[PDB]
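To start, the structure itself, in structure tokens.
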């Protein structure tokens, strides 16, 4: 859950835009001088979708591997094919399932992509995995979800 | 016999938190305070 | 203490991605080695990547060049996925010139065929332009350490050039695990499996060997004054 | 990583329990004739890992399952008589 | 701080001194393994 | 099977407390019921442990 | 990157702060943990491996004129820390000739050629009128935590073996602070700590420790089976 639950801060709202509120650069300059902290809704975007633009999931998570973002931050990121607005951790989960099932893609179509995962979604996932992939892989997926769940619960502290 | 703890002993507090020892961790692991002291038991919160 | 010195297997791919297993090991040293290594791995293995781009006719991080199907960002990101290595061993930085003709697909190899610089991944999509296609480019390539993004440095060269995120770290992903192998009466001895992911430039075995040298190099400093 | 391709196995049979009954009887004949029975022999033979390494996997059950999914084997509800299927089995080094 | 990797667990942890007791039941007194042994001269199944 | 035993808690030569602890019980520390130990605890999950 | 500066603030035969002033960003924990770990576990020292008490035939005994009782005594002896001087040495026996109405005190042990009890005071026994005490306590060298029910020392009949806490290292902490040194404002200041019983010395330990990490590091050396399915 914690690993896919998009942070939503408050300070700021006199901000985002369809047409650029002030300058795209100047908006990005708002977060600098305190004023309007990252992943906060304004109009069409958040500052967190502009300060970060990752070319591959790798970039994004390596970015979280140093002090930069948090996982539950909301960032522009191109996964597979398309600029996604999602979160590093949302991305992570996506790989976890893909990567531990032998088809990054078929996961991306089994998953509930932009929503936190919890008791029901995951059950559904497991079940709906059971269907298009036999026990064999569902078990792998099972253990994989088991691992991160645990380790992610700890590290999140 | 002199016994000592073991993996499968039952420990409980007066508030009714029972449970069995599943893992004795060497001191290297174990969460520790900055001053150096490590803790002695790691009790899962979900049981609260 | 008993037992014996361990075995180091390394089932390898051949450019990117390596597996490495230091097998039988005293109860603990799986993390005592794997962890510090992981750290250094993603953080100090010297590399070389794009740092600043100027493109003719209009600037800003967000725009659309007419005649070009993509938009400045998808160019800028594509750029980041470009791998290149430095031949002349005292090179500090370079600039890359791209001449883009009419209706065409522009690859990374459609860059200037300047030596001292071999383009590792020349079958990259860079950008695509329609008819009457004008796109001129001048991108700075730079030697660096970790992941140093565009916000911090602010690489100046021209005034219409926009600085990019700098991913100079030939390792793009590192992950390790420490299970436990039986050894006679003993069922609980540690087994460390490191898994590296790199680009073109540096092989994983290289990465690791560099990484081990670095921490080995630092431990030295701990010597009475 | 459960059993060697277990989903592909169920598919061969009409009822779950058939796979169970065959895998048994094949391991049963496999066991008697000191593995000199194999239909997969060459470098397909299943193996272990030790303080040495790469020694033949002792479990007859395992063998049947890998042997079964090469198609080579033929199981049936009633073709070939048992009283004459017992004797003819001693052909290439028996028990 | 995680003893395993010098890093912290992001987000503080509640820590303190707690009274806990070790209970009547021990793994020492539980747990057996049988393969073959004394079968009874009455019932003829394994016991004794 | 508990093994109950007494331990002395007084010094050879001293004035006595009309009836203060002369010797401890089995679950007793200084005449205060001691049924277990106090210890430093963390409240967090570990690794499924 | 320059070069870092090693500063050591060693006080007694125990406790010593150790610093490296300018280290590359992140490199604090990088170094000062595998260090802390190796330190907490693999520096070797000394422990009371087995006892022998006068007219005492087992662990669950009680000597006349001795307040204590053999368990409480054994529990105390556990805490004694002995220094070895002769590196030729492997194990010896301290002798406790003790008498009458007195308070025994660990220092009361017999003085031995190349041996140094670093914790005088520390109660061994209260003896009251009559109480005779004669003891013989073994002290082996070893690493880690090897307990009685494992090793069992057979120094003679009715000896009793005791659990062994071998590690001289007592507590280890490391602080990753912000240093000021004419580069960035993003550089670590690793200051390792360490604590002992005066047998092994904070530095002596810290040294022995890196040596272990250095050798274990040296293991990533000869690559074996490769050639993965490509």
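In this document, chain identifiers A, B, C, D, E, F and G correspond to the written order of the chains, with residue numbering beginning at 1 in each.
Keep this in mind: a contact is a pair of C-beta atoms (placed from the backbone, for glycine too) under 8 Å apart; a residue touches a chain by one contact, two chains touch by 3 or more.
The UniProt protein names, listed by chain, are C, G = DNA-directed RNA polymerase subunit alpha; D = DNA-directed RNA polymerase subunit omega.
Looking at B-F alongside F-G, one finds more C-beta pairs in contact between the chains of B-F.
The chain closest to the protein's centre is B, with centres computed as averages of CA atoms. Averaging Cα atoms per chain gives one point for each, and the point farthest from that of chain B is the centre of D. Chain A and chain E have Cα centroids lying 40 Å from one another. If each chain is reduced to the centroid of its CA atoms, chain C and chain E end up 48 Å from each other.
For the pair chain A and chain B, the distance between C-alpha centroids works out to 35 Å.
Mean C-alpha position of chain D lies 65 Å from that of chain F.
Across the assembly, chain E contributes residues 3-6, 9, 13, 15, 18-22 that each touch 2 or more other chains.
The multi-chain contact residues of chain A, meaning those touching 2 or more other chains, are 66, 154, 157.
Residues of chain C found to touch two or more other chains are 28, 31-32, 35, 43.
Within the complex formed with chain C, the residues of chain G that make contact are 3-8, 18, 20, 23-24, 26-27, 29-31, 33-34, 37-38, 41-42, 143, 203, 206-207, 210, 213-214, 216-228, 230. Per the touch definition, chain A reaches chain F in the complex via residues 146, 150-151, 153-154, 157. Listed in rising order, the residues of chain B touching chain G in the complex are 2, 4, 26-28, 32, 34-37.
Residues of chain B touching chain E in their complex: 1, 3, 5-14, 18, 27-34, 38-39, 41, 43. Per the touch definition, chain G reaches chain F in the complex via residues 67, 69, 72, 101, 128-129.
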